[PDB]
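J.: Take this structure first; my questions come after.
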Amino acid sequence: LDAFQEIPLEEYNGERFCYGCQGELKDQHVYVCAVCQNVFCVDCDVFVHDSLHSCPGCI
Ligand SMILES: [Zn+2]
Ligand SMILES: [Zn+2]
């Protein structure tokens with residue numbers, strides 16, 4: 001894993017779930033933050049905006 005990609009579920013062959021839900025990436029894409037733990041959901045890119053930080057994992 002490297003810089004942010006939305007990887008098709010098809011290609012990825014890898015870590016399945018976003019760290020935030022401890023739930024699954026699966027709705028459409030695979031997301032990564034190489035910066036931080038590096039796997040996301042679509043819920044998860046949004047996760048931060050009110051409740052957290054600019055990114056979730058980054059702290
Ligand atoms: Zn999630
Ligand atoms: Zn991050």
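Residue numbering restarts at 1 in every chain; chains get A, B, ... in the order shown in the structure tokens, and ligands count up from 1 in that same order.
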Name the residues of chain A that fall into strand (DSSP E) according to DSSP on the backbone, using the chain letters and numbers of this document, as a ChimeraX atom specification.
T.: /A:6-8,17-18,23-24,29-31
J.: Keeping N, CA, C and O atoms, export the residues of the selection given above as a PDB file, in the first residue's frame.
T.:
```pdb
ATOM      1  N   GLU A   6      -8.423   4.439  -4.650  1.00  0.00           N
ATOM      2  CA  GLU A   6      -9.564   3.640  -4.530  1.00  0.00           C
ATOM      3  C   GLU A   6      -9.371   2.494  -5.474  1.00  0.00           C
ATOM      4  O   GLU A   6      -9.361   2.635  -6.691  1.00  0.00           O
ATOM      5  N   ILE A   7      -9.172   1.380  -4.888  1.00  0.00           N
ATOM      6  CA  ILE A   7      -8.818   0.190  -5.580  1.00  0.00           C
ATOM      7  C   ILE A   7     -10.066  -0.576  -5.729  1.00  0.00           C
ATOM      8  O   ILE A   7     -10.892  -0.544  -4.815  1.00  0.00           O
ATOM      9  N   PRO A   8     -10.339  -1.171  -6.876  1.00  0.00           N
ATOM     10  CA  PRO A   8     -11.478  -1.966  -7.030  1.00  0.00           C
ATOM     11  C   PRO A   8     -11.343  -3.121  -6.119  1.00  0.00           C
ATOM     12  O   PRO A   8     -10.214  -3.602  -5.854  1.00  0.00           O
ATOM     13  N   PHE A  17     -11.353  -4.604   5.394  1.00  0.00           N
ATOM     14  CA  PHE A  17     -12.178  -3.753   6.184  1.00  0.00           C
ATOM     15  C   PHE A  17     -11.530  -2.377   6.425  1.00  0.00           C
ATOM     16  O   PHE A  17     -10.321  -2.247   6.362  1.00  0.00           O
ATOM     17  N   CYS A  18     -12.360  -1.340   6.745  1.00  0.00           N
ATOM     18  CA  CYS A  18     -11.810  -0.031   7.045  1.00  0.00           C
ATOM     19  C   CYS A  18     -11.367  -0.116   8.517  1.00  0.00           C
ATOM     20  O   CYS A  18     -11.993  -0.897   9.262  1.00  0.00           O
ATOM     21  N   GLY A  23     -15.009  -2.774  10.165  1.00  0.00           N
ATOM     22  CA  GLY A  23     -16.048  -3.205   9.310  1.00  0.00           C
ATOM     23  C   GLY A  23     -15.552  -3.077   7.917  1.00  0.00           C
ATOM     24  O   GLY A  23     -14.517  -2.491   7.722  1.00  0.00           O
ATOM     25  N   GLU A  24     -16.352  -3.368   6.981  1.00  0.00           N
ATOM     26  CA  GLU A  24     -15.883  -3.785   5.714  1.00  0.00           C
ATOM     27  C   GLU A  24     -15.941  -2.676   4.670  1.00  0.00           C
ATOM     28  O   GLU A  24     -16.849  -1.848   4.658  1.00  0.00           O
ATOM     29  N   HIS A  29     -15.458   0.556  -3.220  1.00  0.00           N
ATOM     30  CA  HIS A  29     -14.015   0.585  -3.336  1.00  0.00           C
ATOM     31  C   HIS A  29     -13.266   0.275  -2.117  1.00  0.00           C
ATOM     32  O   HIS A  29     -13.800   0.232  -1.018  1.00  0.00           O
ATOM     33  N   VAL A  30     -12.004   0.079  -2.350  1.00  0.00           N
ATOM     34  CA  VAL A  30     -11.041  -0.134  -1.377  1.00  0.00           C
ATOM     35  C   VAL A  30     -10.281   1.166  -1.285  1.00  0.00           C
ATOM     36  O   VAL A  30      -9.898   1.722  -2.298  1.00  0.00           O
ATOM     37  N   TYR A  31     -10.099   1.644  -0.120  1.00  0.00           N
ATOM     38  CA  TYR A  31      -9.428   2.896   0.131  1.00  0.00           C
ATOM     39  C   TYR A  31      -8.252   2.682   0.965  1.00  0.00           C
ATOM     40  O   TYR A  31      -8.265   1.788   1.785  1.00  0.00           O
TER      41      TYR A  31
END
```
J.: All residues within 9 Å of ligand 2 are required, counting only C-alpha atoms and all ligand atoms; please report them as a VMD selection string.
T.: chain A and resid 32 to 38 54 to 59
J.: What gap, in Å, lies between atom CA of residue 41 of chain A and atom CA of residue 19 of chain A?
T.: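 Value for the atom CA of residue 41 of chain A-atom CA of residue 19 of chain A distance: 8.5 Å.
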J.: For atom CA of residue 21 of chain A and atom CA of residue 42 of chain A, determine how far apart the two atoms are, in Å to one decimal place.
T.: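 Computing it gives 10.8 Å between the two atoms.
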J.: Could you give me the residues within segment 3-55 of chain A that DSSP places in alpha helix (DSSP H), as a PyMOL selection string?
T.: chain A and resi 9-12+42-46
J.: Rank nothing, just name the residue among A:52, A:9, A:25, A:3 nearest to residue 40 of chain A, using only C-alpha atoms.
T.: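 With only C-alpha atoms as the atom set, the closest residue is A:25.
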J.: If you measure from atom CA of residue 47 of chain A to atom CA of residue 22 of chain A, what distance in Å do you get, rounded to one decimal?
T.: 12.7 Å
J.: Under the rule that only C-alpha atoms and all ligand atoms are counted, which of A:43, A:2, A:27, A:15 is the nearest residue to ligand 1?
T.: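 Of A:43, A:2, A:27, A:15, the one nearest ligand 1 is A:43, counting only C-alpha atoms and all ligand atoms.
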J.: Considering only C-alpha atoms, can you say which of A:5, A:26, A:14, A:20 comes closest to residue 48 of chain A?
T.: A:20
J.: Nearest to ligand 1 among A:1, A:10, A:49, A:16, with distances taken over only C-alpha atoms and all ligand atoms: which residue is it?
T.: A:16
J.: Let me make sure I understand: among A:4, A:12, A:51, A:39, which one has the smallest atom-to-atom distance to ligand 1 if we use only C-alpha atoms and all ligand atoms?
T.: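 Smallest distance to ligand 1 is found for A:39.
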